[PDB]
Amino acid sequence: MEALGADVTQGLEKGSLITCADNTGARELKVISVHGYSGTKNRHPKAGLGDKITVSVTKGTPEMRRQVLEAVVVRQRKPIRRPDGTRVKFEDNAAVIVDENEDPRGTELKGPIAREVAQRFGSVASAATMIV
Amino acid sequence: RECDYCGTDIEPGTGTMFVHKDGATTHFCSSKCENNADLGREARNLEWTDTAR
Amino acid sequence: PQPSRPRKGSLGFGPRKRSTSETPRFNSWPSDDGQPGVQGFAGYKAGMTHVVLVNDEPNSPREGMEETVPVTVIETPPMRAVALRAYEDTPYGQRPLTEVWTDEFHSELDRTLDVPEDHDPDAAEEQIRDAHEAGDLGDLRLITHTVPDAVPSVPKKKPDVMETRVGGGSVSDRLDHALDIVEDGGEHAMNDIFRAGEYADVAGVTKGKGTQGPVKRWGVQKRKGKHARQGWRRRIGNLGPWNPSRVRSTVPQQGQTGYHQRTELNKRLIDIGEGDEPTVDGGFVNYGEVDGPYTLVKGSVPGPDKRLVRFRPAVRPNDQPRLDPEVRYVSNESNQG
RNA sequence: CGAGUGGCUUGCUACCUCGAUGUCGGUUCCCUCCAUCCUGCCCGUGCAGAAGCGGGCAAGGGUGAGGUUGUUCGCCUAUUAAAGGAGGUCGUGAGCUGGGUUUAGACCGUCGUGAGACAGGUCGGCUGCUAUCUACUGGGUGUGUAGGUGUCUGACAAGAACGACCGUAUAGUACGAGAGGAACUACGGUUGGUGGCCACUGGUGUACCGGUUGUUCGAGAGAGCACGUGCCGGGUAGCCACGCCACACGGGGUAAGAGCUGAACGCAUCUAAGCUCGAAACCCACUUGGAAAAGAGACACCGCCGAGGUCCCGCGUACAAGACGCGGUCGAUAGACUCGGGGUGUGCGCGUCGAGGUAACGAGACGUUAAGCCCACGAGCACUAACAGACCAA
RNA sequence: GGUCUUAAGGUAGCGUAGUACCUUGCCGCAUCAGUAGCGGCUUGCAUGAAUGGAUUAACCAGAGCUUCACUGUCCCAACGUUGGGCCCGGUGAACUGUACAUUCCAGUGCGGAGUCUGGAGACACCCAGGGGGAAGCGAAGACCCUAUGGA
RNA sequence: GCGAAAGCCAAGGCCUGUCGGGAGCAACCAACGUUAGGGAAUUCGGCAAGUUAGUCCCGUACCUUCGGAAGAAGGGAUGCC
RNA sequence: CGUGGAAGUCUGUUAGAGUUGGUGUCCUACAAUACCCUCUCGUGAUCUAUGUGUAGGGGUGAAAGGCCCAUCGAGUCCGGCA
Ligand SMILES: COc1ccc(C[C@H]2NC[C@H](O)[C@H]2OC(C)=O)cc1
Ligand SMILES: [Cl-]
Ligand SMILES: [Cl-]
Ligand SMILES: [K+]
Ligand SMILES: [Mg+2]
Ligand SMILES: [Mg+2]
Ligand SMILES: [Mg+2]
Ligand SMILES: [Mg+2]
Ligand SMILES: [Mg+2]
Ligand SMILES: [Mg+2]
Ligand SMILES: [Mg+2]
Ligand SMILES: [Mg+2]
Ligand SMILES: [Mg+2]
Ligand SMILES: [Mg+2]
Ligand SMILES: [Mg+2]
Ligand SMILES: [Mg+2]
Ligand SMILES: [Mg+2]
Ligand SMILES: [Mg+2]
Ligand SMILES: [Mg+2]
Ligand SMILES: [Mg+2]
Ligand SMILES: [Mg+2]
Ligand SMILES: [Mg+2]
Ligand SMILES: [Mg+2]
Ligand SMILES: [Mg+2]
Ligand SMILES: [Mg+2]
Ligand SMILES: [Mg+2]
Ligand code: NA
Ligand code: NA
Ligand code: NA
Ligand code: NA
Ligand code: NA
Ligand code: NA
Ligand code: NA
Ligand code: NA
Ligand code: NA
Ligand code: NA
Ligand code: NA
Ligand code: NA
Ligand code: NA
Ligand code: NA
Ligand code: NA
Ligand code: NA
Ligand code: NA
Ligand SMILES: [Sr+2]
Ligand SMILES: [Sr+2]
Ligand SMILES: [Sr+2]
Ligand SMILES: [Sr+2]
Ligand SMILES: [Sr+2]
Ligand SMILES: [Sr+2]
Ligand SMILES: [Sr+2]
Ligand SMILES: [Sr+2]
Ligand SMILES: [Sr+2]
Ligand SMILES: [Sr+2]
Ligand SMILES: [Sr+2]
Ligand SMILES: [Sr+2]
Ligand SMILES: [Sr+2]
Ligand SMILES: [Sr+2]
Ligand SMILES: [Sr+2]
Ligand SMILES: [Sr+2]
Ligand SMILES: [Sr+2]
Ligand SMILES: [Sr+2]
Ligand SMILES: [Sr+2]
Ligand SMILES: [Sr+2]
Ligand SMILES: [Sr+2]
Ligand SMILES: [Sr+2]
Ligand SMILES: [Sr+2]
Ligand SMILES: [Sr+2]
Ligand SMILES: [Sr+2]
Ligand SMILES: [Sr+2]
Ligand SMILES: [Sr+2]
Ligand SMILES: [Sr+2]
Ligand SMILES: [Sr+2]
Ligand SMILES: [Sr+2]
Ligand SMILES: [Sr+2]
Ligand SMILES: [Sr+2]
Ligand SMILES: [Sr+2]
Ligand SMILES: [Sr+2]
Ligand SMILES: [Sr+2]
């Protein structure tokens with residue numbers, strides 16, 4: 001993929017429960033896989049800010065629950081390093097549900113986004129209220 | 001830049017930026033300032049801090 | 001069917017034993033391209049600091065922007081090339097022929113060497129030139145030492161002697177270039193060989209850790225789960241199969257870790273200067289204060305503070321030289337804090 | 001239908017072990033095979049392109065995470081370039097595990113007159129030993145080469161030190177009615193592996209500073225104990241990874257294959273002689289070790305009554321013993337002191353205030369006080385200690 | 001089949017059971033995925049009524065499963081603490097020993113060799129290590145068969 | 001303090017749960033502390049560890065042999081002067 | 001509403017009794033059955049000291065072929081016996 005312009009210490013793993021920062025009807029998201037990832041023996045597949053991840057819906061509306069959908073990691077608790085050496089960390093771990101063409105499934109996005117995610121996934125940016 | 005907590009100048013190529021739930025941003029100079037803030041302590045109540053003195 | 005996994009550690013830096021010389025010895029030298037010159041220099045490791053830099057790379061989207069880069073400050077005072085050794089091409093490889101020494105010697109060089117009182121620099125020079133006429137001359141290298149006395153933080157006064165190759169134009173011109181350096185007094189600086197922004201290969205003898213187990217030394221797993229409570233925590237499963245009925249040297253075992261020679265490739269030279277600009281407040285931890293000729297190497301460098309690191313122009317660079325990077329800021333903040 | 005190769009399944013045999021070679025599965029760690037799953041290079045196509053199908057060379061590297069099940073096997077999910085198979089006493093219990101098989105207890109079903117049985121199910125049910133030899137990983141002492149110091153050489157030896165993927169430009173281009181949709185090349189990044197390093201972020205930090213509970217030293221002050229810090233908060237150096245840095249290109253020769261020239265055989269023919277090319281594979285390149293390479297090496301200087309080394313002393317860039325490295329007054333090696341740089345967070349005492357209380361008394365607040373206390377780092381500084389002195393050696 | 005053996009011919013119930021071979025039975029629940037678990041169905045290889053059947057509040061260091069919470073069990077390991085370990089003084093065993101023994105790769109051999117054969121490698125001694133080999137040490141195999149053995 | 005509980009301290013007893021000296025004291029082992037982000041992905045199985053916790057107030061489901069379930073669950077409080 | 005204070009009743013490392021897991025430590029042991037944490041019972045079919053009884057094809061057994069002095073699907077000693 002296109003360079004983020006920041007070094008990420010993947011703060012999520014396969015099976016992690018994260019927030020769904022949108023109005024799709026999905027509240028809690030469970031990480032299943034990470035796009036373009038191949039690990040090593042015994043290692044739990046890791047996901048971080050800017051990664052496109054395969055997810056299942058744990059909490060939400062009846063129609064949205066149990067569905068296997070793709071998402072993009074927007075926020076994370078573990079720090080990321082920006083080119084100026086400064087670290088940037090978030091309050092929660094969050095992802096926005098995305099489709100086949102990488103456009104958000106919902107209309108509005110809840111909470112802040114990292115400028116690096118915004119640069120990589122354009123239509124997710126042009127839906128973001130706050131870009132930090 | 002200046003530390004949003006203590007008030008000293010953050011040495012460039014150092015520090016952490018905490019992004020709050022609402023979207024608010026807080027630049028910290030060190031781990032000491034982050035940890036004092038997590039304890040619910042307000043900068044102007046601590047004597048060592050540049051905001052207070 | 002039990003998953004595949006790459007082996008624990010590399011088999012190319014063996015045997016993992018204590019180094020013979022603390023002074024690193026290069027096993028390869030650059031190609032003979034441009035003008036004649038000494039193919040390397042040396043200094044002492046000081047410590048680390050960060051620098052804010054303007055992005056030089058024309059292919060980066062961040063070209064012209066401020067970028068924080070880690071730097072290892074190494075004190076590089078002028079060295080002294082006291083001799084010129086010449087090699088001859090024999091059917092058994094390269095063997096040393098003769099050496100051309102000097103008269104001018106450093107006050108405390110007699111701490112390591114048995115300084116020459118009687119030598120004939122002309123008969124030696126004549127023997128080297130007869131060999132060149134015969135087409136038997138291999139390569140031309142200089143016997144060089146450091147002046148640790150110029151560095152206040154390093155306790156030693158005893159010089160670190162090492163041989164360094166001269167590469168360049170014709171073998172006739174570089175013989176002459178080599179003799180010209182030696183005949184003066186041998187004094188040369190980092191500036192004479194290196195320019196800020198070039199890629200150098202730094203060689204050094206690593207930080208000694210004494211004896212450590214397979215987990216640290218080879219990167220093997222610790223015993224997991226229930227296995228970690230049975231009496232075995234940091235020991236490998238087995239030393240090998242039933243057959244072959246011997247332990248193969250490839251199995252991760254305990255022993256000496258650290259204090260090995262490493263040659264770390266493509267290290268960018270951020271800045272080469274003189275003075276106290278890169279010195280840290282309160283002094284560099286376990287080293288001291290810098291006030292003299294220095295070099296700023298991008299990232300990490302092998303060995304601890306006070307150790308002798310060796311420089312050589314990159315034998316295998318990936319990128320093109322982007323000379324004299326714009327250093328907007330060098331941190332002087334205390335490393336204690 | 002016919003001919004075989006393998007020795008992974010199964011069966012057969014009864015050669016070896018019954019004065020014992022510890023089971024299955026799993027795990028961990030190492031090596032290997034090729035009948036190749038991916039990756040490199042190719043041939044064919046029912047090859048437009050894209051995506052495939054089939055075949056050849058090829059074992060460098062890779063081949064991962066999970067849900068049921070003791071399972072091997074297998075089924076299933078989402079990722080992936082792909083998530084290949086097999087050997088090493090069905091590798092691996094003087095390494096682990098002990099869920100299954102297969103002791104002694106018990107139940108159920110079936111069979112039995114009964115004890116009791118079952119190639120049925122089920123709950124419970126133990127894991128010994130101080131390494132003599134050998135083997136390897138690392139560390140020393142000697143002898144050989146035949147005075148010492150410093151610098152080298154390179155016979156050999158090890159490496160995967162690199163593997164792979166995504167993205168952008170090429171390009172909505174070639175190709176195609178359209179749908180759809182490449183490549184060379186140049187760039188950016190990710191992943192796995194590898195080596196090193198700690199400025200940055202993070203962890204630790206029973207150094208240190210503070211808060212505070214119980215109890216004891218009458219109160220105060222200041223302290224002990226509460227497991228090897230009472231608990232809580234912060235945390236320097238160092239050590240670290242979750243942090244940061246670095247890890248080509250290109251040559252040479254080949255395989256499959258594509259060809260040139262060319263004969264046997266006037267023609268033709270990539271082959272028989274000859275030649276131009278051509279794989280992630282081979283050799284070199286690069287990194288690491290390596291004078292014990294018995295052809296036991298080279299060079300320069302010093303020295304053979306003296307060069308150099310050991311002991312000793314102060315210490316670590318070193319360290320389990322040994323080893324290694326540095327300094328030793330012509331000195332900053334270690335400590336004291338003082339600064340500098342850091343940690344904590346404002347000391348004791350005194351003054352004012354303080355809900356109240358006749359008063360006594362009074363938790364606490366402010367000031368004095370960026371205070372007090374503390375530092376595994378640096379600088380200055382010969383004050384203290386590196387003194388005295390011994391030995392070997394051509 | 002629309003009686004026959006041998007007297008009767010399985011009723012209430014329960015049921016893929018700690019009893020179901022087929023079997024991971026079929027449907028549903030739950031999970032991304034559930035040979036598990038629970039519900040339903042159930043022709044039950046070979047359930048079933050004091051050989052007691054069914055059911056059940058309470059109880060349980062009994063067997064299986066799910067959720068919230070928690071966490072170094074794991075990703076993936078780091079640093080620290082105490083006692084050892086290492087060096088020195090003193091004390092001072094045992095296991096084990098046919099002999100020889102610096103081995104390695106192949107081969108051969110009663111078909112699982114440090115010792116045989118061919119090569120390769122190999123200067124001696126010593127310290128620390130984790131246990132690959134000595135089909136290592138420890139026990140006249142508990143399994144199996146055999147004995148005109150025992151209980 | 002509810003307490004013959006913990007922790008601390010008397011009276012009384014002891015330094016004889018009877019070998020010491022040395023090395024920031026390495027690997028490795030036994031006991032153990034703390035670990036960012038994730039949070040059972042570990043494993044036959046949460047084995048091991050951890051979480052919770054005293055007291056008072058509010059409040060408390062299915063089922064039930066009416067005894068129980070029940071400290072269900074969940075929520076709040078807690079010092080000193 | 002109070003009084004009352006029942007219970008093979010509950011919590012409890014009270015004393016005491018027991019022994020679930022760690023398959024930890026030990027496994028030429030401190031120990032021929034030990035150590036540590038964890039765990040169960042703790043007014044009763046309870047625990048315990050001393051005295052006393054039952055004897056080997058016999059006892060005793062809330063039954064495991066458990067126990068009868070480290071000895072049990074028939075104790076130990078000596079004899080039959082070489
Ligand atoms: C899996 O079933 C098994 C059957 C027998 C054995 C032992 C025998 N195998 C090698 C020797 O014949 C004997 O070794 C011994 C007795 O130590 C092990 C497992
Ligand atoms: Cl995955
Ligand atoms: Cl393990
Ligand atoms: K046997
Ligand atoms: Mg695994
Ligand atoms: Mg620091
Ligand atoms: Mg800082
Ligand atoms: Mg064996
Ligand atoms: Mg083939
Ligand atoms: Mg291979
Ligand atoms: Mg096996
Ligand atoms: Mg073994
Ligand atoms: Mg064993
Ligand atoms: Mg053992
Ligand atoms: Mg079982
Ligand atoms: Mg069982
Ligand atoms: Mg069923
Ligand atoms: Mg009846
Ligand atoms: Mg026998
Ligand atoms: Mg039998
Ligand atoms: Mg009989
Ligand atoms: Mg954690
Ligand atoms: Mg698993
Ligand atoms: Mg537990
Ligand atoms: Mg009695
Ligand atoms: Mg029985
Ligand atoms: Na053990
Ligand atoms: Na074995
Ligand atoms: Na065959
Ligand atoms: Na096994
Ligand atoms: Na391969
Ligand atoms: Na599986
Ligand atoms: Na075997
Ligand atoms: Na096993
Ligand atoms: Na075992
Ligand atoms: Na080539
Ligand atoms: Na019946
Ligand atoms: Na731990
Ligand atoms: Na062994
Ligand atoms: Na009443
Ligand atoms: Na116990
Ligand atoms: Na009971
Ligand atoms: Na009897
Ligand atoms: Sr060299
Ligand atoms: Sr070399
Ligand atoms: Sr064990
Ligand atoms: Sr063998
Ligand atoms: Sr082949
Ligand atoms: Sr392929
Ligand atoms: Sr099998
Ligand atoms: Sr099957
Ligand atoms: Sr295997
Ligand atoms: Sr078992
Ligand atoms: Sr079975
Ligand atoms: Sr019979
Ligand atoms: Sr059975
Ligand atoms: Sr000799
Ligand atoms: Sr493209
Ligand atoms: Sr289109
Ligand atoms: Sr204490
Ligand atoms: Sr507490
Ligand atoms: Sr050819
Ligand atoms: Sr020699
Ligand atoms: Sr019926
Ligand atoms: Sr040992
Ligand atoms: Sr007393
Ligand atoms: Sr004594
Ligand atoms: Sr702490
Ligand atoms: Sr689980
Ligand atoms: Sr699992
Ligand atoms: Sr509560
Ligand atoms: Sr009771
Ligand atoms: Sr109780
Ligand atoms: Sr058990
Ligand atoms: Sr013990
Ligand atoms: Sr035992
Ligand atoms: Sr424990
Ligand atoms: Sr007799």
# chains A, B, ... in the order shown; residues from 1 in each chain; ligands from 1
>>> residues_near_ligand(ligand="ligand 27", cutoff="10 Å", atoms="only C-alpha atoms (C1' of nucleotides) and all ligand atoms", output="list in words")
residues 229, 230, 231 and 232 of chain C; 29 and 30 of chain F; 24, 25, 26 and 27 of chain G
>>> select_by_dssp(residues="chain A", states="alpha helix (DSSP H)", output="list in words")
residues 115, 116, 117, 118, 119, 120, 122, 123, 124 and 125 of chain A
>>> write_last_selection(atoms="C-alpha atoms", output="compact mmCIF listing (two decimals), in the first residue's frame")
# COMPACT_ATOMS: atom_id res chain seq x y z
CA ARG A 115 -4.05 12.37 9.36
CA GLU A 116 -2.20 9.30 8.06
CA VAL A 117 -5.39 7.22 7.71
CA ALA A 118 -7.04 10.17 5.97
CA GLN A 119 -4.25 10.41 3.38
CA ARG A 120 -4.36 6.63 2.65
CA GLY A 122 -9.59 9.32 0.86
CA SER A 123 -13.35 8.79 1.13
CA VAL A 124 -12.93 8.04 4.86
CA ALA A 125 -11.26 11.49 5.19
>>> select_by_dssp(residues="segment 88-247 of chain C", states="strand (DSSP E or B)", output="PyMOL selection string")
chain C and resi 88-90+93-100+137-145+162-167+187-188+199-205+211-212
>>> write_last_selection(atoms="N, CA, C and O atoms", output="short mmCIF file (atom, residue, chain, number, x, y, z; two decimals), in the first residue's frame")
data_model
loop_
_atom_site.label_atom_id
_atom_site.label_comp_id
_atom_site.auth_asym_id
_atom_site.auth_seq_id
_atom_site.Cartn_x
_atom_site.Cartn_y
_atom_site.Cartn_z
N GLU C 88 53.06 -7.62 -2.50
CA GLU C 88 53.45 -8.19 -3.78
C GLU C 88 52.58 -9.39 -4.13
O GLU C 88 52.21 -10.17 -3.25
N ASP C 89 52.23 -9.51 -5.41
CA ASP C 89 51.41 -10.62 -5.90
C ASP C 89 52.23 -11.88 -6.07
O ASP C 89 53.08 -11.98 -6.96
N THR C 90 52.01 -12.82 -5.15
CA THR C 90 52.71 -14.11 -5.11
C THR C 90 51.67 -15.21 -5.40
O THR C 90 50.47 -14.96 -5.28
N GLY C 93 48.90 -15.70 -2.74
CA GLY C 93 48.10 -14.55 -2.34
C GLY C 93 48.95 -13.30 -2.23
O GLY C 93 49.96 -13.18 -2.91
N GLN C 94 48.53 -12.36 -1.39
CA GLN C 94 49.27 -11.11 -1.19
C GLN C 94 50.12 -11.15 0.06
O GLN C 94 49.62 -11.43 1.15
N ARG C 95 51.42 -10.91 -0.11
CA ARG C 95 52.36 -10.91 1.01
C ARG C 95 53.03 -9.55 1.13
O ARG C 95 53.30 -8.90 0.12
N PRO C 96 53.26 -9.06 2.38
CA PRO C 96 53.92 -7.76 2.59
C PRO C 96 55.38 -7.78 2.09
O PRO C 96 56.11 -8.73 2.34
N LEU C 97 55.75 -6.74 1.34
CA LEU C 97 57.09 -6.60 0.78
C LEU C 97 58.02 -5.79 1.68
O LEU C 97 58.98 -6.33 2.23
N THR C 98 57.74 -4.49 1.80
CA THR C 98 58.53 -3.56 2.61
C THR C 98 57.67 -2.43 3.13
O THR C 98 56.52 -2.25 2.71
N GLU C 99 58.25 -1.65 4.04
CA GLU C 99 57.59 -0.51 4.67
C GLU C 99 58.48 0.73 4.63
O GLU C 99 59.70 0.63 4.79
N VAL C 100 57.87 1.90 4.40
CA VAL C 100 58.58 3.18 4.37
C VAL C 100 58.11 3.99 5.58
O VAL C 100 56.99 4.48 5.60
N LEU C 137 53.60 -5.67 -8.00
CA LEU C 137 52.98 -4.91 -6.90
C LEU C 137 51.48 -5.18 -6.74
O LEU C 137 50.71 -5.02 -7.69
N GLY C 138 51.09 -5.59 -5.53
CA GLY C 138 49.69 -5.89 -5.20
C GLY C 138 48.89 -4.64 -4.91
O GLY C 138 48.26 -4.09 -5.81
N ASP C 139 48.88 -4.23 -3.64
CA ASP C 139 48.18 -3.01 -3.26
C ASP C 139 49.03 -2.19 -2.29
O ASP C 139 50.04 -2.67 -1.77
N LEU C 140 48.67 -0.91 -2.14
CA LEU C 140 49.38 0.03 -1.28
C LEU C 140 48.52 0.46 -0.09
O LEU C 140 47.41 0.97 -0.28
N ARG C 141 49.00 0.16 1.12
CA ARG C 141 48.30 0.47 2.37
C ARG C 141 49.17 1.23 3.35
O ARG C 141 50.39 1.06 3.36
N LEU C 142 48.54 2.03 4.22
CA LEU C 142 49.24 2.84 5.22
C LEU C 142 49.07 2.36 6.65
O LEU C 142 47.95 2.10 7.09
N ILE C 143 50.18 2.29 7.40
CA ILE C 143 50.17 1.91 8.81
C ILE C 143 49.77 3.22 9.50
O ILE C 143 50.50 4.21 9.44
N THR C 144 48.60 3.20 10.13
CA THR C 144 48.02 4.38 10.76
C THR C 144 47.64 4.20 12.23
O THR C 144 47.19 3.13 12.62
N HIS C 145 47.79 5.26 13.02
CA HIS C 145 47.42 5.23 14.43
C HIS C 145 46.55 6.42 14.83
O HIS C 145 46.48 7.42 14.10
N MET C 162 46.29 0.57 13.09
CA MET C 162 45.57 -0.20 12.07
C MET C 162 46.05 0.15 10.66
O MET C 162 46.46 1.28 10.39
N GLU C 163 45.97 -0.83 9.77
CA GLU C 163 46.38 -0.67 8.38
C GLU C 163 45.18 -0.23 7.54
O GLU C 163 44.07 -0.76 7.71
N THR C 164 45.40 0.75 6.67
CA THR C 164 44.33 1.27 5.81
C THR C 164 44.79 1.42 4.37
O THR C 164 45.82 2.05 4.12
N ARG C 165 44.01 0.89 3.44
CA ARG C 165 44.33 0.93 2.01
C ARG C 165 44.22 2.28 1.32
O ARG C 165 43.45 3.14 1.74
N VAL C 166 45.07 2.46 0.30
CA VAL C 166 45.06 3.66 -0.53
C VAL C 166 44.59 3.16 -1.88
O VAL C 166 45.13 2.20 -2.43
N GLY C 167 43.53 3.79 -2.38
CA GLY C 167 42.97 3.44 -3.67
C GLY C 167 42.89 4.69 -4.50
O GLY C 167 42.96 5.80 -3.95
N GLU C 187 50.01 13.39 9.26
CA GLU C 187 48.78 14.01 9.73
C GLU C 187 47.70 14.22 8.67
O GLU C 187 47.95 14.84 7.63
N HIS C 188 46.53 13.64 8.94
CA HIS C 188 45.35 13.72 8.08
C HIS C 188 44.08 13.75 8.93
O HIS C 188 44.05 13.19 10.02
N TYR C 199 28.02 7.91 2.35
CA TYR C 199 27.73 6.68 3.08
C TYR C 199 29.02 5.99 3.47
O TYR C 199 29.87 5.74 2.63
N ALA C 200 29.16 5.71 4.76
CA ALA C 200 30.33 5.03 5.29
C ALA C 200 29.99 3.69 5.91
O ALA C 200 28.84 3.43 6.28
N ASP C 201 30.98 2.81 5.97
CA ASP C 201 30.82 1.51 6.60
C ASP C 201 31.58 1.61 7.90
O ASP C 201 32.78 1.90 7.91
N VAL C 202 30.85 1.50 9.00
CA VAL C 202 31.46 1.57 10.32
C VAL C 202 31.68 0.17 10.86
O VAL C 202 30.78 -0.68 10.80
N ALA C 203 32.89 -0.09 11.33
CA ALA C 203 33.24 -1.38 11.91
C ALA C 203 33.56 -1.17 13.37
O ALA C 203 34.14 -0.16 13.73
N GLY C 204 33.16 -2.13 14.19
CA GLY C 204 33.41 -2.02 15.61
C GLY C 204 33.27 -3.34 16.33
O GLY C 204 32.68 -4.29 15.80
N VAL C 205 33.88 -3.43 17.51
CA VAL C 205 33.79 -4.62 18.34
C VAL C 205 32.67 -4.32 19.33
O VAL C 205 32.76 -3.40 20.13
N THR C 211 28.86 -14.33 29.20
CA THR C 211 28.14 -15.54 28.84
C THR C 211 26.65 -15.35 29.03
O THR C 211 26.23 -14.82 30.05
N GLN C 212 25.87 -15.65 27.99
CA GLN C 212 24.41 -15.57 28.07
C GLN C 212 23.83 -16.85 27.47
O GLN C 212 24.52 -17.56 26.73
#
>>> interface_residues(of="chain C", to="chain B", cutoff="10 Å", atoms="only C-alpha atoms", output="PDB file with N, CA and C atoms, in the first residue's frame")
ATOM      1  N   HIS C  50      19.801  13.541  19.013  1.00  0.00           N
ATOM      2  CA  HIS C  50      19.007  13.627  17.804  1.00  0.00           C
ATOM      3  C   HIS C  50      19.238  14.947  17.100  1.00  0.00           C
ATOM      4  N   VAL C  51      18.954  14.937  15.811  1.00  0.00           N
ATOM      5  CA  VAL C  51      19.130  16.099  14.978  1.00  0.00           C
ATOM      6  C   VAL C  51      17.886  16.305  14.109  1.00  0.00           C
ATOM      7  N   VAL C  52      17.488  17.566  13.914  1.00  0.00           N
ATOM      8  CA  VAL C  52      16.363  17.897  13.032  1.00  0.00           C
ATOM      9  C   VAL C  52      17.047  18.202  11.699  1.00  0.00           C
ATOM     10  N   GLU C  67      12.659  16.863   9.601  1.00  0.00           N
ATOM     11  CA  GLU C  67      12.637  15.443   9.944  1.00  0.00           C
ATOM     12  C   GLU C  67      13.635  15.157  11.057  1.00  0.00           C
ATOM     13  N   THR C  68      13.174  14.526  12.140  1.00  0.00           N
ATOM     14  CA  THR C  68      14.055  14.178  13.265  1.00  0.00           C
ATOM     15  C   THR C  68      14.764  12.859  12.980  1.00  0.00           C
ATOM     16  N   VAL C  69      16.091  12.901  13.085  1.00  0.00           N
ATOM     17  CA  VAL C  69      16.965  11.762  12.814  1.00  0.00           C
ATOM     18  C   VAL C  69      17.907  11.444  14.002  1.00  0.00           C
ATOM     19  N   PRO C  70      18.000  10.146  14.407  1.00  0.00           N
ATOM     20  CA  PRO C  70      18.874   9.732  15.517  1.00  0.00           C
ATOM     21  C   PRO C  70      20.325   9.792  15.034  1.00  0.00           C
ATOM     22  N   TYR C 329      18.717  21.786  13.491  1.00  0.00           N
ATOM     23  CA  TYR C 329      18.864  21.714  14.945  1.00  0.00           C
ATOM     24  C   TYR C 329      19.522  20.429  15.447  1.00  0.00           C
ATOM     25  N   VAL C 330      20.404  20.586  16.435  1.00  0.00           N
ATOM     26  CA  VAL C 330      21.110  19.485  17.091  1.00  0.00           C
ATOM     27  C   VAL C 330      20.699  19.606  18.560  1.00  0.00           C
ATOM     28  N   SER C 331      20.201  18.512  19.137  1.00  0.00           N
ATOM     29  CA  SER C 331      19.775  18.504  20.535  1.00  0.00           C
ATOM     30  C   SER C 331      20.969  18.470  21.471  1.00  0.00           C
ATOM     31  N   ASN C 332      20.877  19.240  22.543  1.00  0.00           N
ATOM     32  CA  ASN C 332      21.940  19.316  23.532  1.00  0.00           C
ATOM     33  C   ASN C 332      21.379  18.957  24.890  1.00  0.00           C
ATOM     34  N   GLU C 333      20.133  18.480  24.892  1.00  0.00           N
ATOM     35  CA  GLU C 333      19.432  18.092  26.111  1.00  0.00           C
ATOM     36  C   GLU C 333      20.149  16.965  26.844  1.00  0.00           C
ATOM     37  N   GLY C 337      17.437  11.935  32.345  1.00  0.00           N
ATOM     38  CA  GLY C 337      16.122  12.532  32.518  1.00  0.00           C
ATOM     39  C   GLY C 337      14.976  11.739  31.920  1.00  0.00           C
TER      40      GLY C 337
END
>>> closest_atom_pairs(of="chain D", to="chain B", cutoff="7 Å", atoms="only C-alpha atoms (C1' of nucleotides)", output="CSV")
residue,atom,partner,partner_atom,distance
D:200,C1',B:14,CA,6.0
D:234,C1',B:32,CA,7.0
D:345,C1',B:48,CA,6.4
D:370,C1',B:48,CA,6.2
>>> write_last_selection(atoms="C-alpha atoms (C1' of nucleotides)", output="PDB file, in the first residue's frame")
ATOM      1  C1'   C D 200      13.412   9.145  20.856  1.00  0.00           C
ATOM      2  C1'   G D 234       6.875   9.352  40.672  1.00  0.00           C
ATOM      3  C1'   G D 345       7.912  17.727  44.812  1.00  0.00           C
ATOM      4  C1'   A D 370      12.055  25.850  42.340  1.00  0.00           C
TER       5        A D 370
END
>>> residues_near_ligand(ligand="ligand 39", cutoff="12 Å", atoms="only C-alpha atoms (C1' of nucleotides) and all ligand atoms", output="PyMOL selection string")
(chain C and resi 238-242+245-247) or (chain D and resi 94-95+131+133-136) or (chain E and resi 130-134+136)
>>> interface_residues(of="chain E", to="chain A", cutoff="9 Å", atoms="only C-alpha atoms (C1' of nucleotides)", output="PyMOL selection string")
chain E and resi 32+74-76
>>> atom_distance(atom1="atom CA of residue 185 of chain C", atom2="atom CA of residue 156 of chain C")
22.1 Å
>>> residues_near_ligand(ligand="ligand 1", cutoff="7 Å", atoms="only C-alpha atoms (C1' of nucleotides) and all ligand atoms", output="ChimeraX atom specification")
/D:17-18,20-23 /E:141
